[PDB]
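Laid out below as structure tokens are two forms of one and the same protein chain, each shown alone and named structure 1 and structure 2.
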Structure 1
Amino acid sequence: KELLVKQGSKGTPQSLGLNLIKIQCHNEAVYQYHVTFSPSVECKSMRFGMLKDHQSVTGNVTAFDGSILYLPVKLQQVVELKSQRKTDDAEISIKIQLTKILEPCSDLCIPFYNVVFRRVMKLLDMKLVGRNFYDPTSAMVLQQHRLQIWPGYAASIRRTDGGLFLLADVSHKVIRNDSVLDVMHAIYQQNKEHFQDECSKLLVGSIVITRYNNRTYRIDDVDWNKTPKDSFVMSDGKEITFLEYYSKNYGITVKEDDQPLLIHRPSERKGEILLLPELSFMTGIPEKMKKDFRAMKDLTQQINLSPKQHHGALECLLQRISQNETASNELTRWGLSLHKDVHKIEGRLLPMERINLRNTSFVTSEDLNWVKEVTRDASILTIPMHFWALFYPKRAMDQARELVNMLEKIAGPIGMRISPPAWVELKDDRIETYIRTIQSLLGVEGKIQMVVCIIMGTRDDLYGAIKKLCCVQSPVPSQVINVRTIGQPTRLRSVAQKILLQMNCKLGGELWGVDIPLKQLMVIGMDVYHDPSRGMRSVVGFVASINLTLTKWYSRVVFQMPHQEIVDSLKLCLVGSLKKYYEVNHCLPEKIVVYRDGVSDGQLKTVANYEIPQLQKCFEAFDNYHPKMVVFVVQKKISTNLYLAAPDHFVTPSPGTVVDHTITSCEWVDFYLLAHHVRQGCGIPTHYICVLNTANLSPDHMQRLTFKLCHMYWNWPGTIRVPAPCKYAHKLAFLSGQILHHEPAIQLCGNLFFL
């Protein structure tokens, strides 16, 4: 790990709000023991309790996470200890053998610095659910929602270039007080004779949380013929009944025994697991609650928190940490002095770039909104459409007359050669004839057109068949519209005119440019759209800049082969992108900037060594063509929050800032660029990690190049979460992997259909 200077010079500094820890390193050695509880107890409760029962041998300074104990003082090689169970009087044989001597400056200390913090905030009467800690003392209970929300904290200790830190997100968790058992009782009261089908309809596909070990478990089946009075064989090879299993591990004596059982079947590899309804609770958000205007406006008025409400909750967490003595000793025996106040990050607002139109050229303001700049002038990079087929079934005539009769009105300020659509009716929406109509006609409209498949209600098979026929068998676009979305005239201005230009974008109509000071720049946003829940061939979305001023982009999907992890596609995808580049610009690039998507933090090493070296060795297809490459990894689901520290309060700004110190990764070169256009909530910043940077790019150069790449997507008046090719490839990869399950047609490749 080299000492790399990351801070830039050009920009206006800011102030942020989430570091929360600075510790001094003092302990010369920490001693790790792995403990085998013989016989096996599985719950954390006894594994804490009988370890706390023997502080004469272990000591008061303890850190145990279920199987691993940590000490500051070395014992002998193996210590053997006898314990007796509080319920069945078992012969529990604790064996502690020292396995690791943790150095003060080793990255392996992060697990036990994290479990000591979990043991710290388990003393504040804070519960564990899933991964996080949630507070039951500031809940909101919603009776008509049948719901309860907890304002907990997802807190995690991690190492950073600015030392040790603890990142805490104010994570509100929804918990249903209704279990699966009580909602089974409610459905059985609602339907005494016909409840098994409702249980098999609202139970499979639904996912429960069990709180005896807080595990989240996917329901695959529910069985009524088997009760926990029947026994089974657990991991030690000896038969146990489930009630004695409860009394020996979790200690939670059940209230009834005539309840059914739930079957969970894991993925292929195998151990089928059985869960009681009483100890298992719902996912607490009802979609049957949701279908009204009063759901979020009465629930998430507090859950969609302000930045100041985040800072108040986090300062309340710090206050209850500091004012609790028993939590303070559990930090200060190990010598981990938490900071009693927040620790703040500096900022950097970049010199904001220029958006070049056909004639005008704006300096981008602080608001990033040019919503009604559309319908101004005719665009050069457009094929002027004339005719397109519009279909509607036998229930929604005037509903179609909501849309199209307004749409010719926004041909007013443009004044292009427009004509009314082919109003072709439908006799029956029952699966068939909707396939037959479109490729029965395919007529005068089919030059540059727009397929509008309008379906009453939510039906997956209908739109799947329509999009499969209307994007596989013929060169033709398609667009699914549900009548439930357009069912009211109130949602017309926001549904028909400003948006639903998917079809006008699918024929390739776009222009605006951002200035780039470099020469011969090829930027290429590789994305990987994975669908392993369906367990079939993952999809690569390939998009590259095939020109100089970045106005045109490439598109490619190739299905992978199952049981073959090595990518056979990306060489062909780069071959196609380079062939399109040599067909359009008639030249070869000098630098390549790749924005790879979708890897974990432990996976970049693979991207450092198992894929990008294959990209460098892929260039054998062209003679003496081995130039410099730049690789980046984009990240979305981030837990770091950003607030500007105005001298009165905290407000998350508009996108544009740069955070590059004391939040990054310890090994690679990272930065964070905020991309939420914040109207409410806290703006998560996009995380960009580089892998190979041999083009000698300064940090401000690649940060401003990333924001420039964020500036060039034809879908919005305001900036985007991930830059433009990683949303192009997202849209085309999702479309070509989940809906038609096929490659896009070659005959549409001159358009930018990824919009």
Structure 2
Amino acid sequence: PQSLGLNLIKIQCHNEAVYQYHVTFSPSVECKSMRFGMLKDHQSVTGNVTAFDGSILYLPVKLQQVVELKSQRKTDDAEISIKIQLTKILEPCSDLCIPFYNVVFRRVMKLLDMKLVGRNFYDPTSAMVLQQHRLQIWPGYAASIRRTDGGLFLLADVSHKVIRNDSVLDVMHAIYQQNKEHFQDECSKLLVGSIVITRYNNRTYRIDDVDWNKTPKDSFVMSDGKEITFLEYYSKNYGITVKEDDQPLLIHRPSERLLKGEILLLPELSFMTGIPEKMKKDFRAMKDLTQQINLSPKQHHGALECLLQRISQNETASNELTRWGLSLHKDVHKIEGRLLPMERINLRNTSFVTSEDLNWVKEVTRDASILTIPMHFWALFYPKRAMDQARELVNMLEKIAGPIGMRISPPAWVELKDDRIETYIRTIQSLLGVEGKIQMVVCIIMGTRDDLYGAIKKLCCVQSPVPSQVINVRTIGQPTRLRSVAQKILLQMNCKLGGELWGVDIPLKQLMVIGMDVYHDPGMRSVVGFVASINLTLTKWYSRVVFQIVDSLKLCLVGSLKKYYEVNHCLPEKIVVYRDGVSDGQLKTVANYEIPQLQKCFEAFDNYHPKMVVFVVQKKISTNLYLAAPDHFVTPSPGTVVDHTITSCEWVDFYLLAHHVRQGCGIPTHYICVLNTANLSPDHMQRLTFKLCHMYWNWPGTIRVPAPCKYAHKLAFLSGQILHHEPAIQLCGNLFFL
């Protein structure tokens, strides 16, 4: 196993006797802080300890059903009436009590002089300020109380908040200091697209438009029905005095249709959130940023321990915790994971087991691949700017062709007179028109060019179906960084040409491993990519996408079963399904609706009635793991499984760290088995997941997700932004999308 530390962060044991009230303010105050001040002033009637969210409140004592209080606003001496209802009891301290738990612990963070930014709390006393880009990088913790199989935990990981130490108003002031002619247009271009955050209610808004005619001295109407000015609004509610009465106003017109009336924002107390573009190019600034932000497991655990010491040091936060019956542990939680054995990577004439690094970038380019096709009559499309460089590749391509036992002829020498996209398209079309037996088509470009990749995959997956390869000069012009890159280039070449690269021994007989990916960037239509194994060694993968109603994946399953029929000759046995991640709260929509809708598609086939295991694969995980080495906390070894205590209560799931981590702490991947009709054991199912983590052929090593999952992700990525079309059926038997 692995004696890791941390896992889900320390146990936070709680208490009972909560009561849920809905405080109505007449007139309604729109400020959380001043409403909290009124309900702390009224502690004679509402009791010593209150948990207030802004509109919904929690007390440890049962009041009466209707409570009317006469409070005074601390700004204009406005006599307002507080209307305390009595809604819920919340006796058993179930999942219903979790938002109240997060409310009291968020105030526990708040009165430690930690600012609330986004969903997290950050410490300004730990300031790391860069005056070169006038910003502060000040750290904090992303705290949230959750419930898992081990019980009630508080998850907090080290989040660093990039606060530009200059308001949005100060940003336009600085721009006006720089440019005083076209200040408005460039300020609008900078602000639109990246958000601002209002710090009086920590709320983030996208700058849809900026109104320079609108002024805070002008008056607007609330949703309640009162005509008030912005100086008056902020002064009576939030207590903010507007310094400069000539600001613009930021409008955040929301998405779809009151809801979509408008939202108006003041630049004075809204701040920028993003990394400056001047900071990105600066090598020393980014060196400081990624030396102080990618914390080691030692530094991450030390920051969490410093948070624990700060909480135990301040008497007010601890007093709040015990007066609400909460308690934080002395240190973080300690359980043990499990290290899976390394899997033997198989080639033609030999196979090798792997060491702790789980990388085979040098163990591959000594032995021949299991099936490489006789690569002949291929072409190389290059421009003259990479001329000599490109010639070198061809030479070392032969110097790699021998080691991996793959026969390569001198290709076509095709020139690209210009780097235009349609020039590439027409020269590949001319090459395919002249000779119809061209196997592979490879182009070379300058810089990250997404539209060239789009049209190359357009032509080589839709119009004229041929395997293709795209090469960039950002890396290929490096002398010492060339051999290990050309190795992976030739491996991808053999992969997309239909030749089977390295395999892993799959211990399950006659299975159809399926991965799907629902790609929806907004714009473009949502597309489900679908990759299904059609062999016993799982080396060739059938592919198909659909365009969406998401339950109707149409003929994907029956086409996969038809090609498995045509290849394996009337012996289908098993189906293993790997779906993309969905919010918890979309697991039932996946579980009890979509799967016993696609399981009825098997009736189209002649009385099959198969087995089926459906996963939900969740990748972005804010839970961190550190190995508790006898000196300190180090990076966990690849192949680590946490199948308990940090997983969901309702379902069967596990977290797998299946990759080499050199920077910071790794992200384990969450796999939730929503269907297990084939009666897979957890050990066999996660070993199959790790086996497919080995199976990804575009990286000579293991990855965090299974190979069909990343195959479907690349395929749906293609059909979303790179194709906008179903791929041609000729290439669907190959891994053309790598």
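For residue numbers, the reference is structure 1: its sequence is counted from 1. We call the rigid core whatever largest set of C-alpha positions still superposes within 1.5 Å between the two forms.
Next on the checklist: Given a cut-off of 2 Å on Cα movement between the two structures, rigid core as reference, pick the single residue from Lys467, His310, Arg348, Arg596 that exceeds or meets it.
Outcome noted: Correct option: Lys467.
Checklist entry - Does superposing the core leave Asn641 with a CA shift of 2 Å or more between the two structures? => result No, the C-alpha moves less than 2 Å.
Next on the checklist: Could you check, with the core superposed, whether the Cα atom of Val444 shifts 2 Å or more between the two structures?
Outcome noted: Yes; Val444 is a residue whose C-alpha shifts (by 2 Å or more) between the two structures when the cores are overlaid.
Next on the checklist: Quick check on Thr227: with the core superposed, does its CA move 2 angstroms or more between the two structures?
Outcome noted: No, shifts by less than 2 Å.
Checklist entry - For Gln747, what C-alpha shift in Å is seen between the two structures once the core is overlaid? => result Looking at the C-alpha of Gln747 between the two structures, the offset is 3.7 Å.
Checklist entry - How much does the C-alpha of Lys394 move between the two structures, in Å, given a rigid core overlay? => result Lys394 is displaced by 9.3 Å at its C-alpha.
Item to check | Following rigid core superposition, Cα shift of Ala608 between the two structures in Å | outcome: For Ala608, the C-alpha ends up 1.3 Å from its position in the other form.
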